[PDB]
Amino acid sequence: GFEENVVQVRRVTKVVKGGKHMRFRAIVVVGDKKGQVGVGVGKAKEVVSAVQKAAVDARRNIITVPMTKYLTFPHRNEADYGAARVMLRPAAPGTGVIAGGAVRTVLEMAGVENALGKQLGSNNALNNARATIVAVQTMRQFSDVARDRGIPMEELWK
RNA sequence: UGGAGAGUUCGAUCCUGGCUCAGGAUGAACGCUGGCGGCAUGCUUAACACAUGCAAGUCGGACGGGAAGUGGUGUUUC
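Remember, the numbering used here sits 25 above the position in the first sequence when you count from 1.
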């Protein structure tokens, strides 16, 4: 029971001496609004078959988003994947999802209803939709920072 | 409590990169149209040249007076 939506249907064509043929590509993102996303890129001859294969690749690369709070992000994070750079900042329980055309499509599925961002560098829908995934994977919460951090011998509780 | 972009240079892709558009604003003009009210505002172009009227006068409890107007029969006022 996951929600499915398309980002961009790109037209990629190569010319041979045998004519002009194309293999359509589509980016589909999945989600259940509880804090679970997954992007998928699939290439096929037709438009309907390119959306189908990208939906099967989306439910395979499943990553958990550690948001769980009052419909917002835990902290500030800046990640750069290639030429594309996206900045994700937390917001108050009244702001909408003021993020990019390829960024808002992955954030509405993550459960984050309150978020503010910017689209820097390259404005390609392929490199920016995956740059937000690398930025959401490196997200830490108050409990897992202290568990990642190796504190010395403190007083042990039962 | 604050920070959404997209189109176009390729057969096509990913970069770089210029250009263009969506917004708000402006003591604005033009075109079409046009019911009022409240508040604000109005040569931003020649500090160009200007008819007319008006925009600084007021005091006689500062004086010699009294040409007008009003009383009394000489004081207001001027």
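All C-beta atoms in this analysis are idealised placements derived from N, C-alpha and C, irrespective of residue type, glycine included.
Does the beta-carbon distance from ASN30 to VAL64 come in below 8 Å? Not a contact, by the Cβ cut-off of 8 Å.
With three or more C-beta pairs closer than 8 Å as the rule, is the stretch 64-73 touching the stretch 109-120? Output reads no: the stretch 64-73 does not touch the stretch 109-120.
Are the CB atoms of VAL66 and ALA135 nearer to each other than 8 Å? No.
Take the Cβ of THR157 as the centre, count every other Cβ of all protein chains shown within 10 Å, and call the residue buried at 16 or more, exposed below. Under this definition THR157 is a buried residue.
Please classify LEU151: does DSSP put it in a helix, a strand, or coil? Note: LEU151 maps to coil in three-state DSSP.
When you compare each of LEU96, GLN33, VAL55, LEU113 to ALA104 by their alpha carbons, which one comes out closest? Of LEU96, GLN33, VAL55, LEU113, the residue nearest in Cα terms is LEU113.
Please look up how many angstroms separate the CB atoms of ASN153 and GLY125, rounded, as I've assumed it's under 8 Å. Contact between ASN153 and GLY125 holds, with the beta-carbon distance rounding to 6 Å and staying under 8 Å.
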